[PDB]
Every structure is written in structure tokens, then in C-alpha cells.
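Colleague: I'd like to ask you about the structure that follows.
Chains as they are written, first to last, in the working numbering: chain A, 1 to 148; chain B, 1 to 148; chain C, 1 to 148; chain D, 1 to 148; chain E, 1 to 148; chain F, 1 to 148; chain G, 1 to 148; chain H, 1 to 148; chain I, 1 to 148.
Shown next as C-alpha cells:
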């Protein structure tokens, strides 16, 4: 039940939700409640991770993959991209999020804000970029990072 | 007292206010005051709610729906969407806020202040994101979220 | 006196100034020095005020409209819009700005920044929104926001 | 040595930098280098200044104009506009920049140290606005305000 | 030791990453893993650096050029631009980023943040500008600014 | 806040409730439920106030008139009468209620608990008589007296 | 968070596990492993709930239904039975566990710690009774009780 | 950064250095310079490792092979041979070097600190032997052993 | 900081001063004011510097050349001469001063006056020689010697 499991759980629910919204509406006669299920048969995902501190990141990525397969996901339908550092996560995510096949992208990384001097500037940028990216491209982007 | 009732009331008033300005002007030879009546007949709304603290959130949604119907709203013209967490609200509001039918949307959530660094960055982004979306689509968004 | 006195003065100098900037280009003998006059006739205005802390906002609006007429402003060319809460001022202001008639907007607002939690976030985004509109819409606005 | 002289020097050579940049591509057969010269003949500038604290601001504005003429600039090609406060520098700056003939802009101002609360909210916004305008207008603007 | 080396290495492989991600599609049963690579034949670069503290920056500029050529780069395909300030880099980088024959941009400078004036504000602003340009234009940008 | 606000709101709720019971039953095959909406259009009301302590009463009664118009009431359909003192409140209310036009009645007054021996008697008398008239006439009569 | 969620999830896993063992063996000619996925499609369930502590038991029962339907369960494949006493579950559970259609049973209840010696005997007997049913009848059961 | 990565880097560029050195003489009309590039494609290497202390040596050998593939080397052109002790590294190294196809050799090992007397006699000889072989064979060999 | 910059700036404008003073005459009623100017097109220069303490002087030589080219100078019209001592500059400057196609001369060197031998005497002598040459030949000479 590591934090990587949480990111996968959030990602799966949205891919179903947006499908329901884009689909045909209800028959009326009451409040149109829209909900996202946990099924994962026929959903494609993407993941981005940083090389830095590969001893503490390998566990996170591995735990995330177990969530999809257990909930009914084929291992063949996952794409993995690795980037040098945390600063480069947003730009990489954009290329993945713009593909037609992909339906969700997860973000995994570790932060050293406070662990090293002069890092709060970089720390705020990644959080701001990923959220702002989601609105323009119309697609859920789960967020996950650790503090060192 | 409960923020659910208070937030919905604000949404009702601004819906009428915008309809007045988009129409004809007021009487001349005087400073035309503008105010929003509290009636709610003929309008359409939407709601987005999170799931953290499942016990507490249920009360808030009940208050919001009660105020809308009590002031003359039709239950047939309310749509509800549920999301996993607080980070996820801004993207959900995007889909609803830009439909040609809806007139206003309400966001309900719970924020944690200072518990862990992870939640600290979440609070800043959700506040900024909701405001910018409203200014770009010309519809009102009500920020009815509790803290702690 | 009150901040409404100072706030009104700045707006008056601006509307005419922009008129000069779009004036005839028949010059160049020496360096130009553009400046704003203090005439008020033929200048439309808009004013927006909140509702919380009614005991204060009443004097600010009362103590601000006087300066407009004192320069020759006609009361028929002023429009006022009341709004429920401070956090939802900017959305209303944008609607009035897009009207081709009005040439200036001023806002009254009382904030308790740095008093209690859940209000610092509100106190932060209010200023940022108003500034953004001015550059986008190209019409001056005055930040007539006070605090306890 | 004052900010007025130093701030201007940035303006002269970027006007030369952009002119050469959009004139030709890579020469070929060797590394390409682009550089700006400190020559002012044939260039037209613009300057914006604040009304408040006219004592200090008087010296700074005088210094900036001295540099332009010294390096070979004609005084007939300089436009100066005054504003009553720092808050309105960004909106005014955009007006001059959109003019096709101007080739660069310079900003002068003075900031006070904590006379009243929430000054930073006003103080920080001017810096943020200037940077945003430069990128979208694609024309340099200098930053030469001085703290009190 | 040379941070130009560290910045240069990151830029080289990101160009390779984009070369493959947006390349021809592929079909297979196993998971697809996309990884960077240090190979710099057929890649076009561009560098921007400031004069500020010219004693130190001149050293770093040489280091970046050494990395490209040693790793298979071509001196004929490197373009260099020099500017007089740290505040004044983002505007320059914009023009280079839009060239259709440029694959990456490397930005290096010096910050003396601390008790010095004007530096607390601009230090934050320069970072945000670079990040936004990357997502807007979909092209990597590296941040190799060192501080005392 | 103003206790007249509360007393006013209760009047509308009761008026609609009796307006519905006279009609036909609701949908069968379930539990019949009757609730009062807050719409306040097309309803006639009456108000009674005591002249003693005109300072507090004036604000209190003004706090009640706004409610009917704000919730969609016609401003020219509420009657007002005043009486020398508290003792005269019941008889005045009795006169109004018998009319075939007024649908609800509101009472306003200010009292001090047991200031003098005779003040104790009136306190019991004023409440006792008011309730009895409501049952006899079959018409709601709100209670709005203030103690101390 | 609630025990109702945890109890339901265990039932989902066990049902899949038993369907695998009772089936044919797998290939590979190596070390062989079994595990239960979390797909609830096509499985039938049943629940038994007590009545003490009216406030809480309903909340726990609600969560259990959500888990089954979210993970692919059908609304009309669940059977519910309600009984008064915590001492009274085992007799009810047996009547349901022996139906051919049912494939799992979930028990929800509340126990009291140390209130009286009478309840001490109650608590011991209920736990061991349910265990014996599972082994005797060869069908999984879940133990979703709370105390204090 | 480890000796495995650092030791390899020496190997790649000398293979390039010798290839260019024996290709042409002095160009003439200017100073002649000979330099090696960090390109590995088209080159075949050899590696020798010690059996003892397999824990530490496992990481170093893994690091060296990572560098070759990263810079563009094919894994099919790498030969690894193990030996039981440091004393036999020189004799084994000569065997690989005399092979005509190999272009360079790399040595890895770990030395303990004074477990038994006269260790220096054995310890020093390996370093001396490696240097002697290089001169007479006329082929580079790297030195990458690490003390305990 | 670079004293070569400070020395260079003085030399540039003095050449302009002589260009106008001995130019064509003029007639007028007001006072005539002759002023220098920073404009270096069509001006021929010449630099002399010493090897003494070659670590530092090489830096200054570059600074002087940068000033001339940036201010509109031409590299084709700069002549450089190097000598081995501070005592030995004046003789070298004499030959350069007599060239009919030279407008100014810049002399830079290092003095280590103090407890060192021979330096109290020569330090005075070198200064006098330069001054006398200027008046004798009627051509400006600049003194940019720095000392520890």
C-alpha cells in the first residue's frame, strides 16, 4: 500500500469518468449522478519517473504497476518513460499526454527541497506546470512525489 | 453555519446578476443600481465533490441541494460529479463549466493545512486553478471548501 | 478622508490619458511629454463593491462618488454593482469591462489578510486576477482594497 | 553610477541585437555568434516614470536621457509619459509597446518599505506583469525600479 | 565540476528522447521502455549566456561547447547569443526557441541572491519564464544558473 | 443576524405550507410529504410594531421589509401598523388577520425581563393571547419579540 | 477507511481464489503459484447485519455495497438479511451460506467491551461459531465486527 | 560516480586517438592537434575482473558495461574473463591484448589492507606489470582497481 | 571594474573633442560649449602593454579591445605592441605616436611600488615621460596603470 498504489488508484477512476461524460447522457427523471468505476479492461496508461535516487524510486514504480494488473489490466498496455531529473518531468509528460491512444499519465518522483540548499525554486515549478498542463489538454494527470 | 448552504446561496445570486447585465439597461436619469434576486426558477447548476473524510462531506452536499430546490429549483436540472481527491477538482470543473446549458458550478472539498509537505502544494494549486478557469469562460465558480 | 478619496483620483487621470495616447501623430519637433488632465465631463465610470462588513463599505462608496461629480461628472454616467463576497469580485468586474461604453472601473474591498486561516488564500488571488484583466482588456482598473 | 544610466544601457544594445537577429541566418562554415553594439543613432525609445517621490525620480529620469544623447541619439525621438503610482506602470507600458515605431521601453520607479499592510501584494505584481508583457509582445523592456 | 558540463549532458539526451518518442510506431507484446542516450550526431543546438560577472561565465561557455563536440557534435551547427543580464535572458531565449532548425536551448547565468537589492524579485521571475516557454513551444530548455 | 430576518423568513414557509394542504394529494404508492417552498411571489402580509424604543425597533423592522422583496415579493403588498406599547400588540394583530386578503402576520417588539412587577404580567399575557388567536382563526402568526 | 470497505475486499479476493483451485491446473512445468484478482464480475454475494447502535451499523453496511458495485458487481446479485442481536448472526448466516447460488458471505456487527459479564460470553461464542460454518460447509466468510 | 564508469571513459577515446594518429601526418600550414572523441560505435573492448570480494566487484563491473552501451556500443562486442586473484591479472591481460581484434583493455579489482605480511610485494607488482605490458604491446590498458 | 574599460572610455571621446575643436569655424551670438562624445567610427587607435605579471595584464588588454568594437570601432584599425617592462613603455609609445594615421594611444601596465627595489625611482620616471610626449606631439595619451 505504498504511495505508488495511490497514484494508480486515482488514475484508473478518471479514465472511466471522462468516458461516461463524453458518452450518452441519462434518461432524466432524477439527478444525473456521474461516477467512475474501478474496472481496467481496455485502458492504456503512461508513467514518467526520474533517474535520481533510483533506490527509492524503483519501489514506487513497481508498486504502481501491480495495481493495474490486479484490477484487470494487461501488462502489454503500459508505456514507461524515464527522464534525467525532477525538473524535466513536465515537458516529458506533455508529449505523452498529446497522443491519441493514451488515456492517462502518472507522475512519480522524489524531491530534495530542504534536503539541499537552493531548491525551493525548482520545487514549485514542477507542481505548477503539471496542473496547468492538464487543463489545456483535457486529460487527467495523476500527481505523485515524495519529500526527502 | 454549514458551508454547503452558504456556498449555494452565492451561486444563486450571481446567476441572476449576470442575466440582468446581458439584458437591457435600467432606468435613466439615475445611477443604475444592480443586485441579484434570490429566486432560482429556470436556472441550471452543477456540483463537484471529493471523497476524503467521507463522513463529513456527505452533510455538505445535502445542504447544497436543499437550498437550490427550496428556492424554487427543479431537481431535474442538477448534475453531480464525484472525484477522488482535492487535487482533481479543477479538471472536473472544466468539463461542466463550458457546457452551453449550465449557469454555475459549486466545488466542495476538504483541505489539510500543514499536516505534511505533500498536501501543502496541493492547496496552492487548487485555489489558483479554479479562479483562472472562471475568468476564461465567463461563468461563476463558488469556492465552498472547508479547511482542517 | 478615506482610501476611496485617493482611489478615485487615480482613475480620473487615466481615462483621458489613454485618449491622448491614441491621438494624432502630427508631432516630432521635440520630445513629447504626454500627461493626463483632470476634466471629468464625458467620461463614463463603473464601480463594484462587496457586501461583507457593511458598516465600512457604505462610507467608501459614499466618500468616493463625490469626487467624480466634483470634477464635473454627471451622475447619469455611473453604474454600480454590488456582489456578495470579496473572493468573487474579479469575475463580475470582467463583465462590466467588456462593455464598450464604460472607460474605467474601481473596486471597494475590505480584507483580513494575515488574520485567520482560509482567508490568506482569498487575500492573495484577489489582487492577481484584477491585474491580469487590465493588460488583457486594455482599460485601467483601480485596486481600492483596504484592510482592518 | 546610477540605475538611470545602467538601466538605459541595456536598452540600446538589444535594439541592435534584435535587428541583426532577424536579418540573416547561420553564416555557415564556422560557429555563428550574434551580438549587440552600443550605438543609438537611428533608434527611437520610450520611457515611463512614476509621479510619487518626485525628488528621487527626477534624478533617475534625467540620468537615463543623458545616456541616449551621449551615445548618438536624437532628443526628438524620445517619448515620456508619467503615471501617479506604481500599480499602473504595467498597463501603461503595454500601450507604448504596441506602437509599431517604438523599438524598446524603459521603466523607472521607487518602492517604499512597508508603510501599510499587504504592500508586497501590490509590490510583487508590477514585476510579474512586466515579464509577461515582454514575452507575448516580443519586444525588450528594462526593469529599473529602486527600493526606498 | 563545470556546471556547463552537467547542464550540457542533460540537454543532449533529451533531444534523443524526443527523436524516438514521436518517431515511427511499433508493435509488440512486452512493455515498451523509452530511454535517453548520449549521442549527438545530427543535432542542432543553441546557447544563451549573460555578461554579468564576466570573469566566471566565460569559463562555463567553453565547457558547454566542449561537451557537444566531444560527444559527436558539429561546431557548424551551434549558435551563440550573449545578453547583459539575468533578468533579460527569457526574452532572448524565445526567439531562438522558435527557429525550425533548433532542437534544444541551454541557458547559463549567475545569481547573487541574498542581501543585494532587486535580486529577490528577479531571481524568481527568471525561473518561471523559462518553464512556461518550454511547454508553450514543446522544446526542452535547461537551467544551468549558479549562485554564490 | 437581525432577528427580524429570521421572523420574516418563517412567515413565507408557513404561508406556502397551508397553501398546499388545501389542494389535492401527492403521488401515490409512496409516503406523502408536504414541504413549504421559499418563493414569495403573489402573497400578502402584514406587520405590527411597538413604538417604545423606536431606535432598536426601527432597525429591526427595516431588517424585515427587505426580505419579502429580495425573495421575489411585490413591495406594494405588505401593510404596516404601530401601537402605543406591547400590551396593544394582540388586539392589533386580531384586526388584521380577519381580512380576506392577508395570508400571514408578523409581530415585532422589545421587552426587558422582569424590570418591574407589572412587566412580569405583560410578558405572560402577550405570548398567551397571541397563540390562541392563531389556532382560532387558522392562520399563521409569527413571533418576533425581543427580550432585554 | 471503514471496516465495511476492508471486509468487502477480502470477500472479493477469496471468491476468485476458490474458483481457480477448483479449476484445472496450469502449465509451465515449473514452480506454480495462485493468487486472487480483484474483479467482481459474475460473482454473487450476501450480507448479514445486526441492529444495535442504529447510528453506526447503517454506515458500515452502506460501504459494503459500494465496494461490490464499484469493482464490477451487479446491483441485483446481493442478498441482505437483518437481525436484532449480535449473538444471533451465526444461525442466520448458516441459512444463507448453504444456498447454491451464493458464493461468499460478509458479517457486519458491533460488540461491547467490558460493559457487563453477560456480553462477555456473547462475544466469545459468536466468533468461534462463524469459523466452524466455513470449514463445515466449505465457503468463505468475513468477520467485519467492531468494538469500543 | 564510480571507478567503473570513470575507468571505462578512458578506454573509449584512446581507441579513437590511436585510430586518428596512424591515419595521417602533419596537415601543414598550421599547428597540428590530435584528439580523441567519446564515440563507441564500431569498437570492441575487453574486460578482466577478479573473483574475490564478489560483492563490491559486482557493482563496478556492472557500471563499466553500462557506459559502453550508453555511448553507442553493441553488447555483442564485449569479452569478460574472471580470475581468482589479483596476482594473475597481468598474465591474463596479456592474453587478451595479443588478440588482434581487441582495441583496448580494462582492469577491475579490489585490494585488501594488510591482512598478512609482505602484501605490498604482491600488491605493488600488479601495477608495475600492467605498465610494462602497455609499452611493448603498444595498446592502451586502463587501471581501475580500488583499495579496501 | 576593468580599468582598461575606464582608460578606453576616456580615450575615445578625447579624439572626438579634437576632431571638432580644430574643425571648421562657426559664428553665433550665444556662448560656444565644446563637449566630448562617445562615438568611435572612423577613428584609428593604438595600444601598448607590458608582459610584467602576465597573469593579470592579458585580461586588461582584452577589455580595451572590447570597448572600441562595441562603441562602433573597427578591428582592422587597431595596432598592438608589447614590451617587457614598465620602465620600457615610453620609448615604445614614441614611435606609435608619430604615425600620421593614429589618433590616440592607450598605455596599460602594472606597478608593484613599495618595499621592492628599483620601483620607487622608475615609478616616477615612467609617468613624466608620457606626459611630456603628449604636449610635444599634440596627441592624447591615457594612463591605465594599476598597482597592488
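All C-beta atoms, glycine included, are put in the ideal place defined by N, C-alpha and C.
1. Could you name the residues of the segment 85 to 116 of chain D whose beta carbon sits closer than 7 angstroms to any beta carbon of chain C, in the order they occur along the chain?
2. Given residue 71 of chain B, which residues of its chain have a CB within under 7 angstroms of its CB, disregarding the five upstream and five downstream residues?
3. Taking the beta carbon of residue 132 of chain C as the centre, do at least 16 other beta carbons fall within 10 Å, making it buried, or is it exposed?
4. Indicate the three-state DSSP secondary structure (helix, strand or coil) for residue 111 of chain C in the structure shown.
5. Comparing alpha-carbon positions, which option in B:91, B:36, B:99, B:88 lies nearest residue 79 of chain B?
6. Looking at residue 15 of chain B and residue 104 of chain B, is the spacing between their C-beta atoms short of 7 angstroms?
7. Can the beta-carbon of residue 129 of chain G be found less than 7 angstroms from the beta-carbon of residue 90 of chain G?
8. Cutting at 8 angstroms between CB atoms, please list the residues of its own chain near residue 87 of chain E, excluding the five before and the five after it.
9. Roughly how many angstroms lie between the CA atoms of residue 92 of chain E and residue 9 of chain B, to the nearest whole one?
10. Name the DSSP beta bridge partners of residue 46 of chain B, please?
11. With three or more beta-carbon pairs closer than 8 angstroms as the criterion, would you say the segment 109 to 118 of chain C touches the segment 48 to 60 of chain C?
12. Keeping to the same chain, check which residues put their C-beta closer than 8 angstroms to that of residue 208 of chain B; ignore five residues upstream and five downstream.
13. Residues in the segment 28 to 40 of chain C with C-beta within 9 angstroms of chain D's C-beta atoms, listed in sequence order?
14. Does the beta carbon of residue 50 of chain B sit closer than 7 angstroms to a beta carbon anywhere in chain C?
15. Would you mind telling me which residues of chain L sit closer than 8 angstroms to residue 72 of chain F, beta carbon to beta carbon, in chain order?
16. Check the Cβ-Cβ distances between residue 21 of chain E and every residue of chain A, and say whether any is below 7 angstroms.
17. Counting only C-beta atoms, is residue 56 of chain E closer than 7 angstroms to chain A at any point?
18. Between the alpha carbons of residue 48 of chain I and residue 69 of chain I, how many angstroms are there, rounded?
19. Where residue 45 of chain E and residue 32 of chain D are concerned, what is the direct C-alpha to C-alpha distance, given to the nearest angstrom?
20. Can you list the residues of chain B that residue 125 of chain A reaches, using a CB-CB cut of under 9 angstroms?
21. Within the 7 angstroms Cβ cut-off, does residue 82 of chain B reach chain A?
22. Looking only at C-alpha atoms, which of H:7, H:119, H:143, H:146 sits nearest to residue 66 of chain H?
23. Under 7 angstroms between the Cβ atoms of residue 146 of chain B and residue 19 of chain B?
24. Leaving aside the five residues before and after residue 73 of chain D along the sequence, list all residues of the same chain whose C-beta is less than 6 angstroms from its C-beta, in chain order.
25. Mark residue 34 of chain H as exposed unless 16 or more other C-beta atoms lie within 10 angstroms of its C-beta, in which case mark it buried.
26. Within 7 angstroms of any Cβ in chain D, is that where the Cβ of residue 43 of chain C sits?
27. Which bits of chain B does residue 143 of chain A rub up against, with CB to CB less than 7 angstroms?
28. Among C:36, C:75, C:5, C:1, which has the Cα closest to the Cα of residue 28 of chain B?
29. Please return the same chain residues whose Cβ sits closer than 8 angstroms to the Cβ of residue 114 of chain B, not counting the five positions on each side in sequence.
30. Where does residue 58 of chain E land, buried or exposed, given buried means 16+ other C-beta within 10 angstroms?
31. Residue 102 of chain B to residue 43 of chain B, Cα distance in whole Å?
32. How about residue 94 of chain H and residue 5 of chain H: are their beta carbons less than 7 angstroms apart?
33. By the DSSP assignment, the alpha helix (DSSP H) with residue 33 of chain G in it spans what residues?
34. Which one of F:106, F:118, F:116, F:117 has the shortest CA to CA distance from residue 143 of chain F?
35. Can you tell me the Cα-Cα spacing of residue 23 of chain F and residue 36 of chain F, whole angstroms?
36. Tell me the rounded alpha-carbon separation between residue 139 of chain F and residue 140 of chain B.
Modeller: Looking at the coordinates:
1. 85, 87, 88, 90, 91, 94, 95
2. 12, 38, 39, 40
3. buried
4. strand
5. B:99
6. yes
7. yes
8. 122, 125, 126
9. 49 angstroms
10. B:79, B:105
11. yes
12. In the structure displayed, chain B extends from 1 to 148; residue 208 of chain B sits before or after that span and is not available.
13. 28, 29, 30, 31, 32, 33, 34, 35, 36
14. no
15. Included in the structure are the protein chains A, B, C, D, E, F, G, H and I, with no chain L among them.
16. yes
17. no
18. 17 angstroms
19. 11 angstroms
20. By Cβ distance, chain B contributes nothing, its closest Cβ being about 11 angstroms from residue 125 of chain A, past 9 angstroms.
21. yes
22. H:7
23. no
24. 40
25. exposed
26. no
27. 87
28. C:75
29. 120
30. exposed
31. 8 angstroms
32. no
33. Run containing residue 33 of chain G: none; DSSP gives neither H nor E here.
34. F:106
35. 14 angstroms
36. 41 angstroms
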